[PDB]
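We number each residue from 1, following the sequence as shown. Order of listing sets the numbers, starting from 1, for every ligand and every atom in it.
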Amino acid sequence: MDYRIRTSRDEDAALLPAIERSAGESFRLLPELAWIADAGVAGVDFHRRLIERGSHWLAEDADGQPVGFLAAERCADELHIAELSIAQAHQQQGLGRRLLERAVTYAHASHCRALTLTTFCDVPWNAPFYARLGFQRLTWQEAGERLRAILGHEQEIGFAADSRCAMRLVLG
Ligand SMILES: CC(=O)SCCNC(=O)CCNC(=O)[C@H](O)C(C)(C)COP(=O)(O)OP(=O)(O)OC[C@H]1O[C@@H](n2cnc3c(N)ncnc32)[C@H](O)[C@@H]1OP(=O)(O)O
Ligand SMILES: [Cl-]
Ligand code: NA
Ligand code: NA
Ligand code: NA
């Protein structure tokens with residue numbers, strides 16, 4: 001009943017879209033957001049690009065099969081958390097927290113000033129969860145140009161501006 005966190009490798013990339021698809025099944029019982037469950041997921045090219053940079057981790061079960069991942073990208077002096085997904089059958093076992101812990105340890109080791117993300121404000125496993133870990137909700141102005149651009153494009157593909165926010169965890 002134990003899991004391990006490790007760096008992702010190139011051979012793992014092909015397995016990751018199915019994990020992101022499985023993770024999104026949690027949105028089918030939110031009526032306003034149920035469409036998310038059949039939204040796109042990142043392709044293998046995206047994962048391979050970040051695995052080459054080294055900023056990509058996964059959780060594996062006792063048989064070594066990947067069951068969740070965290071894909072991140074260094075952007076200037078910040079580590080941006082692009083996607084964090086745990087497969088449905090392995091949610092609520094602590095793995096999301098453990099992958100975030102790994103990402104922040106890597107951000108500190110690589111001399112990043114802060115971590116960033118964008119997410120839903122009022123989904124219980126999104127912004128409220130991240131806030132308990134120290135991520136701060138940003139105003140539009142505090143978001144800065146890079147995160148503002150993401151939020152703007154999100155509004156073109158289905159997200160409602162009033163339901164999304166950028167967040168930052170500053171490493172003191
Ligand atoms: C920047 C981004 O990537 S935002 C996108 C996030 N990804 C998604 O929303 C996809 C669907 N969700 C998931 O994949 C997972 O639920 C994750 C990654 C959000 C969380 O990973 P998990 O392994 O389930 O999280 P973990 O078991 O560590 O739980 C962490 C906290 O989330 C809470 N939580 C997790 N799932 C739920 C749920 N369905 N309902 C309410 N609370 C939940 C837990 O209660 C826990 O809080 P606690 O410390 O008060 O107990
Ligand atoms: Cl809803
Ligand atoms: Na689908
Ligand atoms: Na995604
Ligand atoms: Na730095």
Side-chain angles (χ1 to χ4, degrees), residues 2-6 8 15-43 46-47 49-50 55-62 65-75 78-107 112 114-138 143-144 146-151 153-155 157-170:
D2 273 314
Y3 298 91
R4 294 168 303 256
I5 305 304
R6 57 163 175 93
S8 307
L15 297 175
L16 305 181
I19 294 168
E20 193 181 337
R21 291 202 196 90
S22 179
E25 290 286 324
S26 300
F27 286 89
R28 296 198 187 278
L29 289 192
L30 305 183
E32 295 179 26
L33 304 180
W35 69 269
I36 294 284
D38 298 307
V41 303
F46 171 78
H47 292 294
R49 179 170 73 87
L50 301 180
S55 54
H56 197 304
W57 305 269
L58 60 77
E60 54 175 36
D61 72 10
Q65 299 301 330
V67 299
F69 68 84
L70 191 164
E73 184 172 6
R74 180 63 170 272
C75 301
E78 294 180 318
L79 187 70
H80 182 71
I81 301 172
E83 182 58 54
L84 167 64
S85 276
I86 303 295
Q88 179 178 51
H90 299 279
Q91 290 178 352
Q92 310 202 41
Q93 306 290 324
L95 302 176
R97 165 70 170 262
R98 286 165 71 185
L99 285 161
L100 287 161
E101 281 176 340
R102 185 57 171 267
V104 65
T105 290
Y106 175 89
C112 299
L115 296 84
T116 61
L117 58 82
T118 65
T119 195
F120 288 113
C121 298
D122 305 319
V123 170
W125 62 85
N126 288 167
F129 167 45
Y130 300 128
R132 291 190 298 269
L133 312 180
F135 282 87
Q136 302 279 96
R137 178 172 175 164
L138 308 176
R146 184 177 62 80
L147 291 168
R148 277 192 296 262
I150 296 164
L151 292 174
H153 189 244
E154 281 178 3
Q155 201 203 15
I157 62 181
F159 302 89
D162 282 350
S163 72
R164 299 290 286 185
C165 64
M167 310 180 83
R168 185 178 298 113
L169 174 70
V170 174

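Crowding of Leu29 atom CG: a count of heavy atoms from other residues, nucleotides or ligands under 6.0 Å not exceeding 12. Counting heavy-atom neighbours within 6.0 Å of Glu32 CD, excluding the residue itself, gives a total of 12 or less. In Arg137, the CZ atom is not crowded: 12 or fewer heavy atoms of neighbouring residues, nucleotides or ligands sit closer than 6.0 Å.
Within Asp38, the N, O or S atom lying nearest to the Na ion (ligand 3) carries the name OD1.
For atom 4 (S) of ligand 1, the nearest protein heavy atom (residue, atom name, distance) is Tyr130 OH, 3.3 Å. Distance from atom 24 (O) of ligand 1 to its nearest protein heavy atom, with residue and atom name: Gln92 N, 2.9 Å. Ranking protein heavy atoms by distance to atom 48 (P) of ligand 1, first place goes to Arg132 NH2, 3.9 Å. Nearest non-hydrogen protein atom to atom 42 (N) of ligand 1 is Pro124 CB, 4.3 Å. Closest to atom 7 (N) of ligand 1, if we only count protein heavy atoms, is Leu84 O, 2.8 Å. With hydrogens left out, the protein atom closest to atom 15 (C) of ligand 1 is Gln91 NE2, 3.9 Å, a heavy atom. Closest protein heavy atom to atom 27 (O) of ligand 1: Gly94 N, 2.9 Å. Scanning the protein heavy atoms around atom 14 (O) of ligand 1, the nearest turns out to be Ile86 N, 3.0 Å.
Taking the centre and axis of the six-membered ring of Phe120, the NZ or CZ atom of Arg164 falls inside the cone set by 45° and 6.0 Å.
Rounding to the nearest 0.5 Å gives a distance of 11.0 Å between CD of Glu83 and CD1 of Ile19. Summarising the geometry, atom OG belonging to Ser85 is positioned 12.5 Å from atom CG belonging to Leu58; distances are rounded to the nearest 0.5 Å.
Formation of a donor-acceptor pair under 3.5 Å by the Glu78 side chain with backbone atoms of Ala114 is not found in this model. Judged by distance alone, with hydrogens and angles left aside, the side-chain atoms of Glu20 form a donor-acceptor pair with the main-chain N or O of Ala42 at under 3.5 Å.
Close approach to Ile81 involves these atoms of ligand 1, each under 4.0 Å from a residue heavy atom: 1 (C). Heavy-atom contacts of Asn126 reach the following atoms of ligand 1: 6 (C), 9 (O) (cutoff under 4.0 Å). Each of the atoms 1 (C) of ligand 1 lies under 4.0 Å from some heavy atom of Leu117.
The shortest N or O to N or O distance between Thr119 and ligand 1 is not below 3.5 Å. By the 3.5 Å distance cut-off applied to N or O atoms, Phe27 is not counted among the residues near ligand 1. Checking only distances, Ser85 never comes within under 3.5 Å of ligand 1, N or O to N or O. Below 3.5 Å of separation, one finds an N or O of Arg97 facing an N or O of ligand 1. The shortest N or O to N or O distance between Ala23 and ligand 1 is not below 3.5 Å.
For atom 30 (C) of ligand 1, the protein comes within 4.0 Å by at least one heavy atom. Less than 4.0 angstrom separates atom 51 (O) of ligand 1 from none of the non-hydrogen atoms of the protein.
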Where do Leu100 and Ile81 land on the side-chain contact (heavy atoms from CB on, under 4.5 Å) test, with the steps shown first? CA-CA 9 Å; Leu100 287 161; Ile81 301 172; 3.8 Å; yes

- Query: When you look at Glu101 and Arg98, which way does the salt bridge (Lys or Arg N to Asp or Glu O under 4.0 Å) test go after all the steps?
  - Reply: CA-CA 5 Å; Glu101 281 176 340; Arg98 286 165 71 185; over 6 Å; no

side-chain contact (heavy atoms from CB on, under 4.5 Å) assessment of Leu115 paired with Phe135
CA-CA 8 Å; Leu115 296 84; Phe135 282 87; 4.1 Å; yes

query = Can you check side-chain contact (heavy atoms from CB on, under 4.5 Å) on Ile150 and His80, steps first, answer last?
reply = CA-CA 11 Å; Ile150 296 164; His80 182 71; 3.9 Å; yes

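Among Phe129, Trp125, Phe135, the residue whose heavy atom sits closest to atom 35 (C) of ligand 1 is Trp125.
The shortest distance between side-chain heavy atoms of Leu151 and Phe159 does not fall below 4.5 Å.
Ligand 1 lies less than 4.0 angstrom from a heavy atom belonging to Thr118.
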